[PDB]
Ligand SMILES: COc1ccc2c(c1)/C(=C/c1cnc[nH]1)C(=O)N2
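Heads up, the chain below is alone and in the form deposited without the named molecule; it's given as structure tokens.
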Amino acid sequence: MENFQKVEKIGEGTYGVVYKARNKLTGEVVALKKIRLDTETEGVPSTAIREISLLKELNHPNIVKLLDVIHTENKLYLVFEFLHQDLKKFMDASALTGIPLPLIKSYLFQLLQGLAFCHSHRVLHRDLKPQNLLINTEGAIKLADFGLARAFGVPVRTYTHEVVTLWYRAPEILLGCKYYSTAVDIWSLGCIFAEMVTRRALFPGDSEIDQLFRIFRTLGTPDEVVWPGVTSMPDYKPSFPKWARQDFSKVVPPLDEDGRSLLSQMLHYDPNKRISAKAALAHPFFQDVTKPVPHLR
């Protein structure tokens, strides 16, 4: 770690501080995560081990790269590639002018490519929020912060005492589903797609029930017809107020019919019918950015 010069503190988590650092001889910039092993009762934190291993397996242009892992004395350094801004700061900086629709489309397409790759590796991210999406100055966006990611070779269960996002939490989780699915990541991306378009969080709840009602007021109170089984879920109440699904022309005015089509499929109540990441890439909203390949068989 002697060839790195710390330049600025850019973050802090339960397990360490994150610094922007420069390689003195090459001039390259990296993001350093410093874990002080002296204060760790259980050795390398389980979340750090899992993230290091996952990132070594997940190499993709839309997934933040882990460049190295350096064990100095008493300290474990995670060396990540550096990106100048997260999507939250970019959207806030663009609240007045708005983000050009072609950049919105390109960002969402890239997010879906990185997500499809994660899902192909049988890994749920579970924490896709604008703060965990990083952008560079070349028009690229990548998925980051895999601390909450879990592999689903076997069902991933929901735990009452786990801290996960609320504004980007899927309704099946809020209604007490026993397991997570790839759909929760698609839901998060749908909220983010709408936030990029309107520059306001789509569902900014302040409690679990507030978050749920906010979703209901926008997409309508679900019933057995739109989501088979809702009435049987643990936290479902027949007492839930009946709200009508709002028209997407008012929810996301700047979006065209193709964009509104994709968002509705990414926000489908039924986790079983919510669009997959690979399917979203095939949606007509992205016909100008991609063209299929000839299929064999």
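A residue's number is simply how far along the shown sequence it sits, counting from 1. Superpose the two forms; the largest set of C-alphas matching within 1.5 Å is the rigid core.
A48, modelled here, also has coordinates in every other compared entry of this protein that models residues flanking it, well short of the third needed to call it frequently missing. Checked against the other entries of this protein, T26 counts as resolved in every one of those spanning it, not missing from a third of them. The deposited model assigns a higher average Cα B-factor to 68 to 76 than to the other stretch when 201 to 209 and 68 to 76 are compared. Between 160 to 168 and 177 to 185, it is 160 to 168 that carries the larger average Cα temperature factor according to the deposited entry. The residue among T39, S53, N62, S46 whose C-alpha carries the highest B-factor in the deposited model is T39.
Annotation for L25: CA B-factor lies in the highest third of the chain's modelled residues. The PDB entry assigns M266 a C-alpha temperature factor belonging to the lowest third of its chain's modelled residues.
Among all modelled residues in its chain, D92 ranks in the middle third by Cα B-factor. Ranked by Cα temperature factor within the chain, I104 sits in the middle third according to the deposited record. Residue-level temperature factors show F117 in the lowest third of its chain, judged at the C-alpha atom.
Same protein, other form: the form solved in complex with the named molecule, not shown, and the subject of what follows.
For the named molecule, fitted onto this chain by superposing the C-alphas round its site in the bound PDB entry, the count of atoms within 2.4 Å of backbone or C-beta atoms is 3 or more, giving a blocked pocket. Checking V230, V252, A31, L262 against the named molecule in the bound PDB entry, a heavy atom within 4.5 Å turns up for just one residue: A31. This chain is drawn without the named molecule; in the bound PDB entry, the residue among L111, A144, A170, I192 with a heavy atom within 4.5 Å of it is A144. Under a 4.5 angstroms non-hydrogen atom cutoff, the named molecule in the bound PDB entry lacks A282 among its neighbouring residues. Remark: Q85 counts among the residues lining the named molecule in the bound PDB entry, judged by a heavy atom distance of 4.5 Å or less. Put simply, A201 is far from the named molecule in the bound PDB entry: not one heavy atom of it is within 4.5 Å. Heavy atoms of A277 never reach within 4.5 Å of the named molecule in the bound PDB entry, leaving it off the interface. From the list 96 to 104, 193 to 201, 206 to 214, 126 to 134, the contact stretch for the named molecule in the bound PDB entry under a 4.5 Å heavy atom rule is 126 to 134. Shown without its partner, the chain has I10, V18, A31 in segment 1 to 32 as residues with a non-hydrogen atom within 4.5 angstroms of the named molecule in the bound PDB entry. Looking at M91, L219, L76, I135 after a core superposition between this form and the one not shown, you find that only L76 has a C-alpha shift of 2 Å or more. After superposition on the rigid core, displacement of the C-alpha of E162 between this form and the one not shown amounts to 2 Å or more. Once both forms are overlaid on the rigid core, the distance between the two CA positions of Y15 between this form and the one not shown is 2 angstroms or more. Shown in the overlay between this form and the one not shown, fitted on the rigid core, is a CA shift at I35 of 2 Å or greater. In the bound PDB entry, the Cα positions of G13 and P171 lie at least 3 Å nearer to each other than in the form displayed.
Relative to what is shown, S207 and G13 are closer in the bound PDB entry; their C-alpha atoms differ in spacing by at least 3 Å.
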